[PDB]
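The structure appears below as structure tokens.
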Amino acid sequence: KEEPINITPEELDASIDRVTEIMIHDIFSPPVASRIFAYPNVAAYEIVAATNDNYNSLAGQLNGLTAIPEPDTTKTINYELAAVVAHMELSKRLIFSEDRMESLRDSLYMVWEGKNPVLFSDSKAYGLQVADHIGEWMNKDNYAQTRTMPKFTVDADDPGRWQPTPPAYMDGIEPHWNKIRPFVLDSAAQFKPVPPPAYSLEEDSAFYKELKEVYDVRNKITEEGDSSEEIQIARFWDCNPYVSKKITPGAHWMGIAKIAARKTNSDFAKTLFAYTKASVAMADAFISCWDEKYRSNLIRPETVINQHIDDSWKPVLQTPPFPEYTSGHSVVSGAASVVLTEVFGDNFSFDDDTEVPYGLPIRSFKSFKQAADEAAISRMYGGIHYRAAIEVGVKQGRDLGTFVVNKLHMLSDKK
Ligand code: VO4
Ligand code: NA
């Protein structure tokens, strides 16, 4: 039995789809999701870069990353197969419900092994060797240590400080996300933005005026009635697993990267190049954004409105359980759109069907940037951000993503 084994980008997509699903079932948060996407892409990309003269190794470019082992030249290895192996193995390690990765994996293994047991076996061994190397590095990123650090300390005596919001009143998510090793940033605070307008109920103050806009936008939306377009836009981008089945913003952008790669018929290495660069950038965008959320510790609009303006007002969207400034939707979309523009081009139009399996319709866009701008403004229609977190958050993600694409040297022709 010595048939060739044809590995397509769609088999990388099947691993990413599957981990996406399990992340939903397992209830991982938006910043933790971004870690789970990045490391398995890196391992798979390393295997391509070791064996393809057009792609440079990320070793020496990502913080702490050294060269992976080279393949044994006396073995016959399908490197894309090895790469899918390594992606699935690290995705398995990163989620909680491991048996749902293992069923995906075993069903592919069964066909590979049936077609060509020696090619399967040699390629799998190298993929796993490579996953062990990446996993040693990934296990030094301080994630394990932060798993036992203290919860965010809520204090009502501190007037502009973030409080848990109804219905669930969940404690703030990942208050020490800024202690995770970044991939590319010099430090987590590298893109620290300007501070938010000072919390104040003075009617002439910047903060009050922004408070009144959130309040007024929502009431204008009520007077327009359900359906409308602004409510659909807030819902499409919401991506909040704590509503009381949804994917996170990181996941949504991975789905957009997949749509672009398939629309262009990108081959396996091009597709993986795009996913790696996007997932790495989004992972540092989350670190950067969570760094600012937990520096400014800012109260979300509904709490201020209900306590001091109007006790019956409710945001169009349920408020996410973490501080306000800057907006994760803004920063993460901003970084992801800069990467994908750099990879696939300006005015890349696409139909975004990523939300079709989670309750929602298709929305079309003329460019990644238009989608990211929509993502950002959706948070104002949604009632859960003031304008600064939105606008400053876009600049933050754009600046961070520009830094990542100007730093990482991955595509690099032999020819
Ligand atoms: O994920 V947000 O920081 O846009 O509520
Ligand atoms: Na190379």
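Following the order of the structure tokens, chains are lettered A, B, ..., residues in each are numbered from 1, and ligands are numbered from 1.
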
* Would you list the contacts of residue 34 of chain A as a PyMOL selection string, taking every protein, DNA or RNA residue within 9 Å and counting only C-alpha atoms, but skipping same-chain residues closer than 2 positions in sequence? => chain A and resi 29-32+36-38+248-251+279-280+282-284+286

Wanna dump the chain A-ligand 1 contacts at 7 Å for me, each residue with its shortest atom pair and the distance in Å to one decimal, counting only C-alpha atoms and all ligand atoms, ordered by chain and number, as a tab-separated table?
```
residue	atom	partner	partner_atom_place_in_ligand_line	distance
A:319	CA	ligand 1	5 (O)	6.7
A:320	CA	ligand 1	5 (O)	5.2
A:324	CA	ligand 1	3 (O)	5.8
A:325	CA	ligand 1	3 (O)	6.6
A:326	CA	ligand 1	3 (O)	6.0
A:327	CA	ligand 1	3 (O)	3.3
A:328	CA	ligand 1	3 (O)	3.6
A:329	CA	ligand 1	4 (O)	3.9
A:330	CA	ligand 1	4 (O)	6.0
A:379	CA	ligand 1	4 (O)	6.0
A:384	CA	ligand 1	5 (O)	6.1
A:385	CA	ligand 1	5 (O)	6.8
```

If you count only C-alpha atoms, which residues fall within 12 Å of residue 159 of chain A, apart from same-chain ones fewer than 5 positions away, as a short mmCIF file (atom, residue, chain, number, x, y, z; two decimals) with N, CA, C and O atoms, in the first residue's frame?
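Okay, this is what ended up in out24.cif:
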```
data_model
loop_
_atom_site.label_atom_id
_atom_site.label_comp_id
_atom_site.auth_asym_id
_atom_site.auth_seq_id
_atom_site.Cartn_x
_atom_site.Cartn_y
_atom_site.Cartn_z
N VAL A 154 -13.59 43.78 42.76
CA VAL A 154 -14.70 44.79 42.64
C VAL A 154 -14.72 45.60 43.96
O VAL A 154 -14.51 44.99 45.03
N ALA A 198 -12.09 60.82 31.95
CA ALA A 198 -12.31 60.65 33.38
C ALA A 198 -13.82 60.44 33.72
O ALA A 198 -14.62 61.23 33.30
N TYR A 199 -14.14 59.42 34.47
CA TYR A 199 -15.47 59.20 35.01
C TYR A 199 -15.98 60.45 35.69
O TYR A 199 -15.35 60.94 36.61
N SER A 200 -17.10 61.00 35.24
CA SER A 200 -17.69 62.17 35.90
C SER A 200 -19.15 62.33 35.51
O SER A 200 -19.52 62.14 34.34
N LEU A 201 -19.93 62.72 36.49
CA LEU A 201 -21.33 63.04 36.23
C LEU A 201 -21.55 64.55 35.95
O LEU A 201 -22.67 64.93 35.71
N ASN A 297 -9.66 49.96 34.19
CA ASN A 297 -10.70 49.35 34.98
C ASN A 297 -12.05 50.06 34.88
O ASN A 297 -12.64 50.39 35.92
N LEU A 298 -12.49 50.38 33.67
CA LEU A 298 -13.61 51.35 33.52
C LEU A 298 -14.97 50.67 33.52
O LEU A 298 -15.18 49.67 32.85
N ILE A 299 -15.90 51.32 34.22
CA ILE A 299 -17.28 50.89 34.40
C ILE A 299 -18.03 50.85 33.05
O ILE A 299 -17.84 51.75 32.20
N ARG A 300 -18.87 49.84 32.82
CA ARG A 300 -19.59 49.73 31.53
C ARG A 300 -20.82 50.65 31.57
O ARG A 300 -21.33 51.00 32.68
N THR A 303 -24.17 50.24 33.85
CA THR A 303 -24.13 50.42 35.30
C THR A 303 -24.32 51.91 35.63
O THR A 303 -25.16 52.30 36.50
N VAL A 304 -23.60 52.78 34.93
CA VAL A 304 -23.77 54.23 35.17
C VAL A 304 -25.17 54.76 34.85
O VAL A 304 -25.79 55.56 35.60
N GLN A 307 -27.72 53.43 37.47
CA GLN A 307 -27.55 54.08 38.78
C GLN A 307 -27.80 55.58 38.81
O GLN A 307 -28.12 56.10 39.89
N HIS A 308 -27.61 56.30 37.70
CA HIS A 308 -27.68 57.73 37.81
C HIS A 308 -28.52 58.41 36.78
O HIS A 308 -28.74 59.61 36.93
#
```

* To do: Return the single residue from A:160, A:255, A:117, A:382 that is closest to residue 233 of chain A, with distances computed using only C-alpha atoms.
  =>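 Of all the options, A:382 lies closest to residue 233 of chain A.
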
* Would you kindly return, as a list in words, each protein, DNA or RNA residue with an atom no farther than 7 Å from any atom of residue 336 of chain A, considering only C-alpha atoms and excluding same-chain residues fewer than 3 positions away? =>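 Counting only the stated atoms, we get residues 253, 278, 281, 282, 332, 333, 339, 340 and 401 of chain A.
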
* **Length of the atom CA of residue 179 of chain A to atom CA of residue 146 of chain A vector [Å]** =>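 According to the coordinates, atom CA of residue 179 of chain A and atom CA of residue 146 of chain A are separated by 7.4 Å.
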
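Atom CA of residue 77 of chain A is positioned 4.7 Å from atom CA of residue 123 of chain A.
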
* For ligand 2, list the contacting residues at 6 Å or closer, counting only C-alpha atoms and all ligand atoms, as a PyMOL selection string. => chain A and resi 49-56

* For residue 302 of chain A, please output as a count of residues only all residues within 7 Å (counting only C-alpha atoms; exclusion window: fewer than 3 positions along the same chain). => 4

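For the pair atom CA of residue 121 of chain A and atom CA of residue 4 of chain A, the interatomic distance is 13.2 Å.
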
* To do: Please identify which residues in segment 133-322 of chain A DSSP calls alpha helix (DSSP H) from the backbone, and express them as a PyMOL selection string.
  => chain A and resi 133-138+143-146+206-224+230-238+249-263+268-296+301-308

* To do: Considering only C-alpha atoms, return as a PyMOL selection string whatever protein or nucleic-acid residues lie within 10 Å of residue 350 of chain A, sequence-local ones (same chain, fewer than 6 positions apart) excluded.
  => chain A and resi 256+259-260+263+363-368+371

Could you take the residues named above and write them with N, CA, C and O atoms, as a CSV table (one decimal), in the first residue's frame?
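Final file, selection10.csv:
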```
chain,number,residue,atom,x,y,z
A,256,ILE,N,-13.2,34.5,8.9
A,256,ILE,CA,-12.9,35.4,7.7
A,256,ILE,C,-11.6,35.1,7.0
A,256,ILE,O,-11.6,35.2,5.8
A,259,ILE,N,-12.3,32.3,4.8
A,259,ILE,CA,-13.1,32.6,3.6
A,259,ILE,C,-12.3,33.2,2.5
A,259,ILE,O,-12.4,32.9,1.3
A,260,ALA,N,-11.3,34.0,2.9
A,260,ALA,CA,-10.4,34.7,2.0
A,260,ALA,C,-9.5,33.7,1.3
A,260,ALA,O,-9.3,33.8,0.1
A,263,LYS,N,-11.5,31.6,-1.1
A,263,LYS,CA,-12.0,32.4,-2.3
A,263,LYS,C,-10.9,32.7,-3.3
A,263,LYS,O,-11.1,32.7,-4.5
A,363,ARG,N,-23.5,38.4,6.0
A,363,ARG,CA,-23.3,39.8,5.7
A,363,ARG,C,-22.2,39.9,4.8
A,363,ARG,O,-21.1,39.1,4.9
A,364,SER,N,-22.3,40.8,3.8
A,364,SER,CA,-21.2,41.1,2.8
A,364,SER,C,-20.4,42.3,3.0
A,364,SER,O,-20.9,43.3,3.5
A,365,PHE,N,-19.1,42.2,2.7
A,365,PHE,CA,-18.2,43.4,2.9
A,365,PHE,C,-17.4,43.7,1.7
A,365,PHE,O,-17.0,42.7,1.0
A,366,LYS,N,-17.0,44.9,1.5
A,366,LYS,CA,-16.1,45.4,0.5
A,366,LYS,C,-14.7,45.2,0.8
A,366,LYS,O,-13.8,45.4,-0.2
A,367,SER,N,-14.3,45.1,2.0
A,367,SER,CA,-12.9,45.0,2.4
A,367,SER,C,-12.8,44.5,3.9
A,367,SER,O,-13.8,44.6,4.6
A,368,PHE,N,-11.6,44.0,4.3
A,368,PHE,CA,-11.5,43.6,5.7
A,368,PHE,C,-11.7,44.8,6.6
A,368,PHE,O,-12.3,44.7,7.7
A,371,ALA,N,-15.3,45.6,7.2
A,371,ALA,CA,-15.8,44.7,8.3
A,371,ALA,C,-15.3,45.0,9.7
A,371,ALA,O,-16.2,45.0,10.7
```

As a PDB file with N, CA, C and O atoms, in the first residue's frame, please: the residues near residue 235 of chain A (cut-off 9 Å, only C-alpha atoms, same-chain neighbours under 5 positions excluded).
```
ATOM      1  N   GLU A 230     -29.227  48.402  12.466  1.00  0.00           N
ATOM      2  CA  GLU A 230     -28.294  48.591  13.593  1.00  0.00           C
ATOM      3  C   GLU A 230     -28.380  47.455  14.602  1.00  0.00           C
ATOM      4  O   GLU A 230     -27.372  47.035  15.168  1.00  0.00           O
ATOM      5  N   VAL A 316     -29.001  47.209  23.985  1.00  0.00           N
ATOM      6  CA  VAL A 316     -29.415  46.251  22.930  1.00  0.00           C
ATOM      7  C   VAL A 316     -28.710  44.888  23.185  1.00  0.00           C
ATOM      8  O   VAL A 316     -29.330  43.866  23.117  1.00  0.00           O
ATOM      9  N   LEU A 317     -27.410  44.876  23.490  1.00  0.00           N
ATOM     10  CA  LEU A 317     -26.717  43.630  23.843  1.00  0.00           C
ATOM     11  C   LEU A 317     -26.436  43.481  25.308  1.00  0.00           C
ATOM     12  O   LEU A 317     -26.151  44.494  26.022  1.00  0.00           O
ATOM     13  N   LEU A 360     -27.355  33.114  12.608  1.00  0.00           N
ATOM     14  CA  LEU A 360     -27.348  34.461  11.959  1.00  0.00           C
ATOM     15  C   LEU A 360     -27.257  34.409  10.434  1.00  0.00           C
ATOM     16  O   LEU A 360     -26.887  33.379   9.874  1.00  0.00           O
ATOM     17  N   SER A 378     -20.494  48.527  15.925  1.00  0.00           N
ATOM     18  CA  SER A 378     -21.578  47.615  16.356  1.00  0.00           C
ATOM     19  C   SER A 378     -21.661  47.698  17.868  1.00  0.00           C
ATOM     20  O   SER A 378     -22.728  47.499  18.414  1.00  0.00           O
ATOM     21  N   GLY A 382     -24.759  48.487  20.228  1.00  0.00           N
ATOM     22  CA  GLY A 382     -24.992  47.437  21.168  1.00  0.00           C
ATOM     23  C   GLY A 382     -25.204  47.959  22.598  1.00  0.00           C
ATOM     24  O   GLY A 382     -25.764  47.232  23.425  1.00  0.00           O
TER      25      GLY A 382
END
```

* Asked: With distances taken over only C-alpha atoms, which of A:322, A:294, A:275, A:236 is nearest to residue 353 of chain A?
  ->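 For residue 353 of chain A, the nearest of the candidates is A:236.
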
* Asked: For residue 44 of chain A, which residue among A:352, A:157, A:80, A:346 is the nearest when counting only C-alpha atoms?
  ->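 Nearest to residue 44 of chain A: A:80.
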
* Of the listed residues A:187, A:148, A:265, A:271, that which approaches residue 285 of chain A most closely, counting only C-alpha atoms ->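 The shortest atom-to-atom distance to residue 285 of chain A comes from A:187.
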